[PDB]
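K.L.:
Coordinates in query-v2.pdb, PDB, N, CA and C atoms, are listed below.
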ATOM      1  N   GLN E   1       0.480 -13.153 -22.456
ATOM      2  CA  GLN E   1       1.307 -14.236 -21.936
ATOM      3  C   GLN E   1       1.801 -13.914 -20.532
ATOM      4  N   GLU E   2       2.196 -12.678 -20.267
ATOM      5  CA  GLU E   2       2.745 -12.318 -18.973
ATOM      6  C   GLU E   2       1.710 -12.349 -17.885
ATOM      7  N   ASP E   3       0.456 -12.137 -18.239
ATOM      8  CA  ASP E   3      -0.633 -12.165 -17.282
ATOM      9  C   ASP E   3      -0.968 -13.554 -16.877
ATOM     10  N   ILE E   4      -0.942 -14.477 -17.819
ATOM     11  CA  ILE E   4      -1.228 -15.861 -17.541
ATOM     12  C   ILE E   4      -0.067 -16.421 -16.753
ATOM     13  N   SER E   5       1.157 -16.160 -17.181
ATOM     14  CA  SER E   5       2.327 -16.662 -16.472
ATOM     15  C   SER E   5       2.329 -16.195 -15.024
ATOM     16  N   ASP E   6       1.967 -14.934 -14.788
ATOM     17  CA  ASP E   6       1.909 -14.427 -13.423
ATOM     18  C   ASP E   6       0.856 -15.158 -12.608
ATOM     19  N   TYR E   7      -0.321 -15.396 -13.190
ATOM     20  CA  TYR E   7      -1.345 -16.120 -12.448
ATOM     21  C   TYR E   7      -0.875 -17.525 -12.099
ATOM     22  N   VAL E   8      -0.247 -18.214 -13.054
ATOM     23  CA  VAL E   8       0.235 -19.566 -12.787
ATOM     24  C   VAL E   8       1.297 -19.546 -11.695
ATOM     25  N   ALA E   9       2.217 -18.582 -11.755
ATOM     26  CA  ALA E   9       3.305 -18.534 -10.784
ATOM     27  C   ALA E   9       2.799 -18.185  -9.390
ATOM     28  N   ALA E  10       1.850 -17.256  -9.293
ATOM     29  CA  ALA E  10       1.420 -16.731  -8.006
ATOM     30  C   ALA E  10       0.269 -17.507  -7.380
ATOM     31  N   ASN E  11      -0.436 -18.336  -8.151
ATOM     32  CA  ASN E  11      -1.613 -19.035  -7.646
ATOM     33  C   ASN E  11      -1.579 -20.542  -7.829
ATOM     34  N   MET E  12      -0.717 -21.077  -8.685
ATOM     35  CA  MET E  12      -0.746 -22.499  -9.015
ATOM     36  C   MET E  12       0.595 -23.192  -8.829
ATOM     37  N   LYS E  13       1.706 -22.520  -9.136
ATOM     38  CA  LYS E  13       3.000 -23.196  -9.131
ATOM     39  C   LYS E  13       3.376 -23.668  -7.732
ATOM     40  N   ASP E  14       3.186 -22.813  -6.724
ATOM     41  CA  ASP E  14       3.602 -23.171  -5.371
ATOM     42  C   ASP E  14       2.809 -24.361  -4.846
ATOM     43  N   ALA E  15       1.499 -24.381  -5.093
ATOM     44  CA  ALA E  15       0.676 -25.488  -4.616
ATOM     45  C   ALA E  15       0.998 -26.779  -5.356
ATOM     46  N   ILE E  16       1.264 -26.692  -6.662
ATOM     47  CA  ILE E  16       1.556 -27.892  -7.439
ATOM     48  C   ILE E  16       2.911 -28.468  -7.048
ATOM     49  N   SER E  17       3.924 -27.612  -6.900
ATOM     50  CA  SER E  17       5.247 -28.092  -6.520
ATOM     51  C   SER E  17       5.249 -28.733  -5.140
ATOM     52  N   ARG E  18       4.252 -28.431  -4.315
ATOM     53  CA  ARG E  18       4.131 -28.995  -2.980
ATOM     54  C   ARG E  18       3.213 -30.214  -2.955
ATOM     55  N   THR E  19       2.697 -30.629  -4.109
ATOM     56  CA  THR E  19       1.816 -31.785  -4.184
ATOM     57  C   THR E  19       2.617 -33.077  -4.047
ATOM     58  N   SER E  20       1.953 -34.113  -3.537
ATOM     59  CA  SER E  20       2.605 -35.398  -3.330
ATOM     60  C   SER E  20       3.098 -35.973  -4.651
ATOM     61  N   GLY E  21       4.338 -36.459  -4.651
ATOM     62  CA  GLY E  21       4.928 -37.071  -5.820
ATOM     63  C   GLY E  21       5.522 -36.105  -6.819
ATOM     64  N   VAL E  22       5.406 -34.804  -6.589
ATOM     65  CA  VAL E  22       5.919 -33.798  -7.510
ATOM     66  C   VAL E  22       7.350 -33.459  -7.121
ATOM     67  N   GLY E  23       8.250 -33.496  -8.098
ATOM     68  CA  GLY E  23       9.630 -33.116  -7.877
ATOM     69  C   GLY E  23       9.885 -31.685  -8.296
ATOM     70  N   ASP E  24      10.543 -31.505  -9.437
ATOM     71  CA  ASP E  24      10.807 -30.181  -9.978
ATOM     72  C   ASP E  24       9.629 -29.725 -10.828
ATOM     73  N   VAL E  25       9.145 -28.516 -10.559
ATOM     74  CA  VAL E  25       8.124 -27.866 -11.373
ATOM     75  C   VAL E  25       8.773 -26.659 -12.030
ATOM     76  N   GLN E  26       8.802 -26.647 -13.359
ATOM     77  CA  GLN E  26       9.433 -25.572 -14.114
ATOM     78  C   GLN E  26       8.354 -24.723 -14.771
ATOM     79  N   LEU E  27       8.374 -23.422 -14.503
ATOM     80  CA  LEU E  27       7.362 -22.518 -15.032
ATOM     81  C   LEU E  27       7.732 -22.095 -16.447
ATOM     82  N   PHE E  28       6.783 -22.239 -17.371
ATOM     83  CA  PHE E  28       6.956 -21.764 -18.744
ATOM     84  C   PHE E  28       6.511 -20.304 -18.820
ATOM     85  N   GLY E  29       7.273 -19.467 -18.134
ATOM     86  CA  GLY E  29       6.964 -18.052 -18.012
ATOM     87  C   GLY E  29       7.687 -17.466 -16.813
ATOM     88  N   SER E  30       7.111 -16.398 -16.269
ATOM     89  CA  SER E  30       7.691 -15.753 -15.101
ATOM     90  C   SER E  30       6.610 -14.990 -14.354
ATOM     91  N   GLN E  31       6.779 -14.912 -13.038
ATOM     92  CA  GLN E  31       5.884 -14.142 -12.188
ATOM     93  C   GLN E  31       6.105 -12.647 -12.401
ATOM     94  N   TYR E  32       5.073 -11.860 -12.096
ATOM     95  CA  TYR E  32       5.206 -10.412 -12.193
ATOM     96  C   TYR E  32       6.325  -9.908 -11.295
ATOM     97  N   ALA E  33       7.051  -8.921 -11.798
ATOM     98  CA  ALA E  33       7.940  -8.100 -10.998
ATOM     99  C   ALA E  33       7.626  -6.646 -11.303
ATOM    100  N   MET E  34       7.852  -5.780 -10.324
ATOM    101  CA  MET E  34       7.706  -4.347 -10.552
ATOM    102  C   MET E  34       8.851  -3.895 -11.444
ATOM    103  N   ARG E  35       8.560  -3.708 -12.729
ATOM    104  CA  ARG E  35       9.568  -3.328 -13.706
ATOM    105  C   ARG E  35       9.635  -1.810 -13.796
ATOM    106  N   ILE E  36      10.828  -1.269 -13.567
ATOM    107  CA  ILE E  36      11.129   0.141 -13.768
ATOM    108  C   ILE E  36      12.043   0.209 -14.985
ATOM    109  N   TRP E  37      11.468   0.580 -16.127
ATOM    110  CA  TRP E  37      12.198   0.695 -17.385
ATOM    111  C   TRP E  37      12.732   2.118 -17.471
ATOM    112  N   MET E  38      14.023   2.273 -17.200
ATOM    113  CA  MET E  38      14.642   3.584 -17.102
ATOM    114  C   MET E  38      15.002   4.119 -18.480
ATOM    115  N   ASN E  39      14.919   5.440 -18.624
ATOM    116  CA  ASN E  39      15.271   6.124 -19.858
ATOM    117  C   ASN E  39      16.542   6.929 -19.629
ATOM    118  N   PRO E  40      17.665   6.606 -20.281
ATOM    119  CA  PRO E  40      18.896   7.368 -20.007
ATOM    120  C   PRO E  40      18.771   8.848 -20.319
ATOM    121  N   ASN E  41      17.977   9.214 -21.326
ATOM    122  CA  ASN E  41      17.811  10.627 -21.655
ATOM    123  C   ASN E  41      17.137  11.381 -20.516
ATOM    124  N   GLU E  42      16.083  10.802 -19.935
ATOM    125  CA  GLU E  42      15.412  11.452 -18.813
ATOM    126  C   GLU E  42      16.304  11.481 -17.578
ATOM    127  N   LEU E  43      17.073  10.414 -17.344
ATOM    128  CA  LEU E  43      18.014  10.420 -16.229
ATOM    129  C   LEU E  43      19.048  11.525 -16.396
ATOM    130  N   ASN E  44      19.539  11.719 -17.620
ATOM    131  CA  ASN E  44      20.444  12.831 -17.891
ATOM    132  C   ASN E  44      19.767  14.173 -17.659
ATOM    133  N   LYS E  45      18.518  14.315 -18.105
ATOM    134  CA  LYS E  45      17.842  15.605 -18.020
ATOM    135  C   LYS E  45      17.852  16.139 -16.594
ATOM    136  N   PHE E  46      17.776  15.246 -15.609
ATOM    137  CA  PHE E  46      17.798  15.614 -14.201
ATOM    138  C   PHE E  46      19.124  15.280 -13.527
ATOM    139  N   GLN E  47      20.161  14.963 -14.304
ATOM    140  CA  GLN E  47      21.471  14.602 -13.758
ATOM    141  C   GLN E  47      21.351  13.454 -12.757
ATOM    142  N   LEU E  48      20.548  12.454 -13.102
ATOM    143  CA  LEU E  48      20.325  11.291 -12.258
ATOM    144  C   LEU E  48      21.045  10.075 -12.827
ATOM    145  N   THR E  49      21.150   9.050 -11.988
ATOM    146  CA  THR E  49      21.859   7.817 -12.279
ATOM    147  C   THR E  49      21.010   6.667 -11.759
ATOM    148  N   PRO E  50      21.075   5.483 -12.389
ATOM    149  CA  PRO E  50      20.335   4.339 -11.837
ATOM    150  C   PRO E  50      20.744   3.991 -10.414
TER     151      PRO E  50
ATOM    152  N   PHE Y   1      10.541  14.213  15.993
ATOM    153  CA  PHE Y   1       9.765  13.371  15.089
ATOM    154  C   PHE Y   1       8.552  14.110  14.541
ATOM    155  N   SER Y   2       7.965  15.013  15.332
ATOM    156  CA  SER Y   2       6.778  15.734  14.888
ATOM    157  C   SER Y   2       7.046  16.588  13.656
ATOM    158  N   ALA Y   3       8.311  16.905  13.372
ATOM    159  CA  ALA Y   3       8.621  17.739  12.217
ATOM    160  C   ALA Y   3       8.465  16.979  10.907
ATOM    161  N   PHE Y   4       8.661  15.658  10.922
ATOM    162  CA  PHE Y   4       8.631  14.854   9.705
ATOM    163  C   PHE Y   4       7.797  13.589   9.887
ATOM    164  N   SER Y   5       6.747  13.650  10.703
ATOM    165  CA  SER Y   5       5.933  12.471  10.957
ATOM    166  C   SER Y   5       4.493  12.882  11.215
ATOM    167  N   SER Y   6       3.596  11.920  11.022
ATOM    168  CA  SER Y   6       2.208  12.040  11.437
ATOM    169  C   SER Y   6       1.797  10.757  12.143
ATOM    170  N   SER Y   7       0.841  10.882  13.059
ATOM    171  CA  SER Y   7       0.437   9.794  13.938
ATOM    172  C   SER Y   7      -1.024   9.440  13.704
ATOM    173  N   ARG Y   8      -1.315   8.141  13.690
ATOM    174  CA  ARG Y   8      -2.678   7.656  13.528
ATOM    175  C   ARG Y   8      -2.874   6.402  14.366
ATOM    176  N   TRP Y   9      -4.137   6.103  14.654
ATOM    177  CA  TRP Y   9      -4.536   4.843  15.266
ATOM    178  C   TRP Y   9      -5.358   4.061  14.250
ATOM    179  N   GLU Y  10      -4.880   2.872  13.888
ATOM    180  CA  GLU Y  10      -5.580   2.019  12.936
ATOM    181  C   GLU Y  10      -5.801   0.649  13.560
ATOM    182  N   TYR Y  11      -6.243  -0.324  12.770
ATOM    183  CA  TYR Y  11      -6.460  -1.682  13.247
ATOM    184  C   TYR Y  11      -5.576  -2.642  12.466
ATOM    185  N   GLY Y  12      -5.101  -3.683  13.144
ATOM    186  CA  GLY Y  12      -4.251  -4.659  12.493
ATOM    187  C   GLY Y  12      -4.255  -5.973  13.235
ATOM    188  N   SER Y  13      -3.844  -7.015  12.531
ATOM    189  CA  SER Y  13      -3.877  -8.358  13.094
ATOM    190  C   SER Y  13      -2.674  -8.575  14.008
ATOM    191  N   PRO Y  14      -2.879  -8.954  15.275
ATOM    192  CA  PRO Y  14      -1.734  -9.324  16.118
ATOM    193  C   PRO Y  14      -1.152 -10.688  15.791
ATOM    194  N   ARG Y  15      -1.845 -11.495  14.992
ATOM    195  CA  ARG Y  15      -1.378 -12.831  14.638
ATOM    196  C   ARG Y  15      -1.949 -13.191  13.278
ATOM    197  N   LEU Y  16      -1.072 -13.354  12.291
ATOM    198  CA  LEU Y  16      -1.467 -13.701  10.934
ATOM    199  C   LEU Y  16      -1.165 -15.171  10.680
ATOM    200  N   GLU Y  17      -2.165 -15.900  10.193
ATOM    201  CA  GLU Y  17      -2.043 -17.321   9.916
ATOM    202  C   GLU Y  17      -2.014 -17.558   8.412
ATOM    203  N   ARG Y  18      -1.306 -18.611   8.015
ATOM    204  CA  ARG Y  18      -1.270 -19.056   6.631
ATOM    205  C   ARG Y  18      -1.352 -20.572   6.608
ATOM    206  N   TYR Y  19      -2.032 -21.113   5.598
ATOM    207  CA  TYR Y  19      -2.151 -22.554   5.419
ATOM    208  C   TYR Y  19      -1.756 -22.899   3.993
ATOM    209  N   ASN Y  20      -0.750 -23.761   3.849
ATOM    210  CA  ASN Y  20      -0.245 -24.173   2.540
ATOM    211  C   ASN Y  20       0.187 -22.965   1.712
ATOM    212  N   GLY Y  21       0.785 -21.979   2.375
ATOM    213  CA  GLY Y  21       1.334 -20.824   1.698
ATOM    214  C   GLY Y  21       0.347 -19.727   1.367
ATOM    215  N   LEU Y  22      -0.916 -19.858   1.771
ATOM    216  CA  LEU Y  22      -1.926 -18.846   1.510
ATOM    217  C   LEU Y  22      -2.480 -18.312   2.825
ATOM    218  N   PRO Y  23      -2.945 -17.061   2.860
ATOM    219  CA  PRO Y  23      -3.533 -16.542   4.101
ATOM    220  C   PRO Y  23      -4.729 -17.381   4.519
ATOM    221  N   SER Y  24      -4.824 -17.651   5.818
ATOM    222  CA  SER Y  24      -5.835 -18.572   6.311
ATOM    223  C   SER Y  24      -6.322 -18.128   7.681
ATOM    224  N   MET Y  25      -7.470 -18.675   8.066
ATOM    225  CA  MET Y  25      -8.004 -18.529   9.412
ATOM    226  C   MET Y  25      -8.522 -19.880   9.873
ATOM    227  N   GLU Y  26      -8.130 -20.279  11.077
ATOM    228  CA  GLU Y  26      -8.458 -21.590  11.615
ATOM    229  C   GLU Y  26      -9.704 -21.507  12.487
ATOM    230  N   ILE Y  27     -10.577 -22.499  12.341
ATOM    231  CA  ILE Y  27     -11.833 -22.586  13.075
ATOM    232  C   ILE Y  27     -11.904 -23.969  13.706
ATOM    233  N   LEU Y  28     -12.062 -24.015  15.022
ATOM    234  CA  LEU Y  28     -12.226 -25.267  15.744
ATOM    235  C   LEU Y  28     -13.692 -25.442  16.108
ATOM    236  N   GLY Y  29     -14.193 -26.671  15.979
ATOM    237  CA  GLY Y  29     -15.580 -26.922  16.316
ATOM    238  C   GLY Y  29     -15.775 -28.335  16.814
ATOM    239  N   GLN Y  30     -16.978 -28.594  17.319
ATOM    240  CA  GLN Y  30     -17.380 -29.925  17.746
ATOM    241  C   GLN Y  30     -18.742 -30.251  17.160
ATOM    242  N   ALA Y  31     -18.920 -31.504  16.757
ATOM    243  CA  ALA Y  31     -20.233 -31.968  16.342
ATOM    244  C   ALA Y  31     -21.174 -31.975  17.538
ATOM    245  N   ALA Y  32     -22.425 -31.594  17.299
ATOM    246  CA  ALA Y  32     -23.396 -31.556  18.378
ATOM    247  C   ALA Y  32     -23.580 -32.960  18.954
ATOM    248  N   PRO Y  33     -23.915 -33.073  20.240
ATOM    249  CA  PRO Y  33     -24.033 -34.405  20.846
ATOM    250  C   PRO Y  33     -25.062 -35.255  20.116
ATOM    251  N   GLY Y  34     -24.751 -36.542  19.984
ATOM    252  CA  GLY Y  34     -25.585 -37.445  19.221
ATOM    253  C   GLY Y  34     -25.348 -37.422  17.729
ATOM    254  N   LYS Y  35     -24.270 -36.789  17.269
ATOM    255  CA  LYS Y  35     -23.957 -36.692  15.851
ATOM    256  C   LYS Y  35     -22.506 -37.091  15.623
ATOM    257  N   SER Y  36     -22.225 -37.528  14.400
ATOM    258  CA  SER Y  36     -20.897 -37.980  14.015
ATOM    259  C   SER Y  36     -20.070 -36.823  13.461
ATOM    260  N   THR Y  37     -18.750 -37.021  13.455
ATOM    261  CA  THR Y  37     -17.859 -36.017  12.887
ATOM    262  C   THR Y  37     -18.060 -35.873  11.385
ATOM    263  N   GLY Y  38     -18.423 -36.959  10.701
ATOM    264  CA  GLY Y  38     -18.596 -36.884   9.259
ATOM    265  C   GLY Y  38     -19.713 -35.942   8.854
ATOM    266  N   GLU Y  39     -20.868 -36.056   9.515
ATOM    267  CA  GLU Y  39     -21.994 -35.192   9.172
ATOM    268  C   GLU Y  39     -21.720 -33.742   9.561
ATOM    269  N   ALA Y  40     -21.037 -33.521  10.686
ATOM    270  CA  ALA Y  40     -20.663 -32.160  11.057
ATOM    271  C   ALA Y  40     -19.718 -31.552  10.027
ATOM    272  N   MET Y  41     -18.735 -32.330   9.568
ATOM    273  CA  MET Y  41     -17.827 -31.847   8.535
ATOM    274  C   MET Y  41     -18.574 -31.571   7.238
ATOM    275  N   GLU Y  42     -19.540 -32.426   6.895
ATOM    276  CA  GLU Y  42     -20.330 -32.207   5.689
ATOM    277  C   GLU Y  42     -21.128 -30.913   5.785
ATOM    278  N   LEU Y  43     -21.740 -30.654   6.943
ATOM    279  CA  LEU Y  43     -22.474 -29.405   7.118
ATOM    280  C   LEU Y  43     -21.535 -28.209   7.039
ATOM    281  N   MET Y  44     -20.342 -28.324   7.627
ATOM    282  CA  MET Y  44     -19.384 -27.225   7.553
ATOM    283  C   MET Y  44     -18.973 -26.955   6.111
ATOM    284  N   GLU Y  45     -18.748 -28.013   5.329
ATOM    285  CA  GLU Y  45     -18.426 -27.836   3.916
ATOM    286  C   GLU Y  45     -19.580 -27.178   3.168
ATOM    287  N   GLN Y  46     -20.811 -27.609   3.449
ATOM    288  CA  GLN Y  46     -21.971 -27.023   2.787
ATOM    289  C   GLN Y  46     -22.104 -25.544   3.124
ATOM    290  N   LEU Y  47     -21.852 -25.181   4.383
ATOM    291  CA  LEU Y  47     -21.908 -23.777   4.776
ATOM    292  C   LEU Y  47     -20.799 -22.976   4.106
ATOM    293  N   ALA Y  48     -19.588 -23.535   4.049
ATOM    294  CA  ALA Y  48     -18.479 -22.837   3.410
ATOM    295  C   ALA Y  48     -18.719 -22.659   1.918
ATOM    296  N   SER Y  49     -19.503 -23.550   1.310
ATOM    297  CA  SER Y  49     -19.805 -23.429  -0.111
ATOM    298  C   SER Y  49     -20.508 -22.119  -0.450
ATOM    299  N   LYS Y  50     -21.160 -21.482   0.521
ATOM    300  CA  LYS Y  50     -21.915 -20.257   0.287
ATOM    301  C   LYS Y  50     -21.108 -18.994   0.558
TER     302      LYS Y  50
END
Turn the structure described in the file into structure tokens.
P.N.:
Amino acid sequence: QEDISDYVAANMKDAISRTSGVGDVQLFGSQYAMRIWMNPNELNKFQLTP
Amino acid sequence: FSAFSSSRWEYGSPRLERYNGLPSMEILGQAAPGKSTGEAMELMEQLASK
């Protein structure tokens, strides 16, 4: 699902929302973001903080 | 700067174009004398198809 949503957001949503007669275009998903899923145990191991 | 830097010569675009939110390159042309703009545009489309 996240792969399809990213393709729609990055390749189709912008062009469609700019099409004649189109008002609000709402994405049923979300574009990719660089997700850094932090682990508090590993952050502690090195005395690090987000 | 030499203590914490390295220097290189590379290539890059002095002017980046975009069309409708996507990277683009513009090409200007003229139909050959004795020909219409429609047929020239058709040939350009046929060439771009490849």
K.L.:
Which residues, named as in the file, does the PyMOL selection byres ((chain E and resi 27) around 8) pick out? Answer as an MDAnalysis selection string.
P.N.:
chainID E and resid 5 8:9 13 24:26 28:31
K.L.:
Counting only C-alpha atoms, which residues of chain Y fall within 12 Å of chain E, and what is the closest atom pair for each with its distance in Å at one decimal, ordered by chain and rising number, as a tab-separated table?
P.N.:
residue	atom	partner	partner_atom	distance
Y:19	CA	E:15	CA	10.8
Y:20	CA	E:15	CA	7.3
Y:21	CA	E:14	CA	7.8
Y:22	CA	E:11	CA	9.2
K.L.:
Might you spell out which residues the PyMOL selection byres (((chain Y and resi 29 and name CA) around 12) and name CA) would select in the displayed file, as a list in words?
P.N.:
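Applying the expression gives residues 26, 27, 28, 30, 31, 32, 37, 40, 41, 43 and 44 of chain Y.
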K.L.:
For atom CA of residue 46 of chain Y and atom CA of residue 24 of chain Y, determine how far apart the two atoms are, in Å to one decimal place.
P.N.:
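Value for the atom CA of residue 46 of chain Y-atom CA of residue 24 of chain Y distance: 18.6 Å.
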K.L.:
So that I can check the secondary structure, give me every residue of chain Y assigned alpha helix (DSSP H) by backbone DSSP, as a VMD selection string.
P.N.:
chain Y and resid 37 to 48
K.L.:
Draw an axis-aligned box over all listed atoms of segment 22-29 of chain E, pad each side with 4 Å, and write its centre and edge lengths in Å, one decimal, as lines of an AutoDock Vina configuration file.
P.N.:
center_x = 8.1
center_y = -26.1
center_z = -12.7
size_x = 13.4
size_y = 25.3
size_z = 20.2
K.L.:
If I take atom N of residue 16 of chain E and atom C of residue 23 of chain Y, how far is one from the other in Å, to one decimal?
P.N.:
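Straight-line distance from atom N of residue 16 of chain E to atom C of residue 23 of chain Y works out to 15.7 Å.
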K.L.:
With only C-alpha atoms as the basis for distance, which of E:38, E:22, E:48, E:33 is at the shortest distance from residue 2 of chain E?
P.N.:
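Of all the options, E:33 lies closest to residue 2 of chain E.
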K.L.:
To one decimal place in Å, what is the distance between atom N of residue 4 of chain E and atom C of residue 32 of chain E?
P.N.:
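A separation of 10.8 Å between them.
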K.L.:
Quick one: pick out all strand (DSSP E) residues within segment 4-50 of chain Y from a backbone DSSP run and write them as a list in words.
P.N.:
residues 17, 18, 19, 22, 23 and 24 of chain Y
K.L.:
Would you mind completing segment 19-34 of chain E to N, CA, C and O atoms and writing the output as an mmCIF file, in the coordinates of the input?
P.N.:
data_model
loop_
_atom_site.group_PDB
_atom_site.id
_atom_site.type_symbol
_atom_site.label_atom_id
_atom_site.label_comp_id
_atom_site.auth_asym_id
_atom_site.auth_seq_id
_atom_site.Cartn_x
_atom_site.Cartn_y
_atom_site.Cartn_z
ATOM 1 N N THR E 19 2.697 -30.629 -4.109
ATOM 2 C CA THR E 19 1.816 -31.785 -4.184
ATOM 3 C C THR E 19 2.617 -33.077 -4.047
ATOM 4 O O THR E 19 3.801 -33.141 -4.385
ATOM 5 N N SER E 20 1.953 -34.113 -3.537
ATOM 6 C CA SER E 20 2.605 -35.398 -3.330
ATOM 7 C C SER E 20 3.098 -35.973 -4.651
ATOM 8 O O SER E 20 2.373 -35.982 -5.650
ATOM 9 N N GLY E 21 4.338 -36.459 -4.651
ATOM 10 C CA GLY E 21 4.928 -37.071 -5.820
ATOM 11 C C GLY E 21 5.522 -36.105 -6.819
ATOM 12 O O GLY E 21 6.102 -36.553 -7.817
ATOM 13 N N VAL E 22 5.406 -34.804 -6.589
ATOM 14 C CA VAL E 22 5.919 -33.798 -7.510
ATOM 15 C C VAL E 22 7.350 -33.459 -7.121
ATOM 16 O O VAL E 22 7.635 -33.169 -5.952
ATOM 17 N N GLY E 23 8.250 -33.496 -8.098
ATOM 18 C CA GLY E 23 9.630 -33.116 -7.877
ATOM 19 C C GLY E 23 9.885 -31.685 -8.296
ATOM 20 O O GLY E 23 9.492 -30.745 -7.598
ATOM 21 N N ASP E 24 10.543 -31.505 -9.437
ATOM 22 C CA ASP E 24 10.807 -30.181 -9.978
ATOM 23 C C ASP E 24 9.629 -29.725 -10.828
ATOM 24 O O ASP E 24 9.165 -30.460 -11.704
ATOM 25 N N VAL E 25 9.145 -28.516 -10.559
ATOM 26 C CA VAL E 25 8.124 -27.866 -11.373
ATOM 27 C C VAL E 25 8.773 -26.659 -12.030
ATOM 28 O O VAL E 25 9.243 -25.748 -11.337
ATOM 29 N N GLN E 26 8.802 -26.647 -13.359
ATOM 30 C CA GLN E 26 9.433 -25.572 -14.114
ATOM 31 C C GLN E 26 8.354 -24.723 -14.771
ATOM 32 O O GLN E 26 7.513 -25.241 -15.508
ATOM 33 N N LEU E 27 8.374 -23.422 -14.503
ATOM 34 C CA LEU E 27 7.362 -22.518 -15.032
ATOM 35 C C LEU E 27 7.732 -22.095 -16.447
ATOM 36 O O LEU E 27 8.857 -21.649 -16.696
ATOM 37 N N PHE E 28 6.783 -22.239 -17.371
ATOM 38 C CA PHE E 28 6.956 -21.764 -18.744
ATOM 39 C C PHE E 28 6.511 -20.304 -18.820
ATOM 40 O O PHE E 28 5.529 -19.937 -19.466
ATOM 41 N N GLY E 29 7.273 -19.467 -18.134
ATOM 42 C CA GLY E 29 6.964 -18.052 -18.012
ATOM 43 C C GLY E 29 7.687 -17.466 -16.813
ATOM 44 O O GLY E 29 8.731 -17.970 -16.397
ATOM 45 N N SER E 30 7.111 -16.398 -16.269
ATOM 46 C CA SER E 30 7.691 -15.753 -15.101
ATOM 47 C C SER E 30 6.610 -14.990 -14.354
ATOM 48 O O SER E 30 5.652 -14.492 -14.951
ATOM 49 N N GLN E 31 6.779 -14.912 -13.038
ATOM 50 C CA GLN E 31 5.884 -14.142 -12.188
ATOM 51 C C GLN E 31 6.105 -12.647 -12.401
ATOM 52 O O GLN E 31 7.176 -12.206 -12.827
ATOM 53 N N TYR E 32 5.073 -11.860 -12.096
ATOM 54 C CA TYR E 32 5.206 -10.412 -12.193
ATOM 55 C C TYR E 32 6.325 -9.908 -11.295
ATOM 56 O O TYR E 32 6.531 -10.401 -10.182
ATOM 57 N N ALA E 33 7.051 -8.921 -11.798
ATOM 58 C CA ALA E 33 7.940 -8.100 -10.998
ATOM 59 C C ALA E 33 7.626 -6.646 -11.303
ATOM 60 O O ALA E 33 7.170 -6.313 -12.401
ATOM 61 N N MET E 34 7.852 -5.780 -10.324
ATOM 62 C CA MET E 34 7.706 -4.347 -10.552
ATOM 63 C C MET E 34 8.851 -3.895 -11.444
ATOM 64 O O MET E 34 9.985 -3.738 -10.990
#
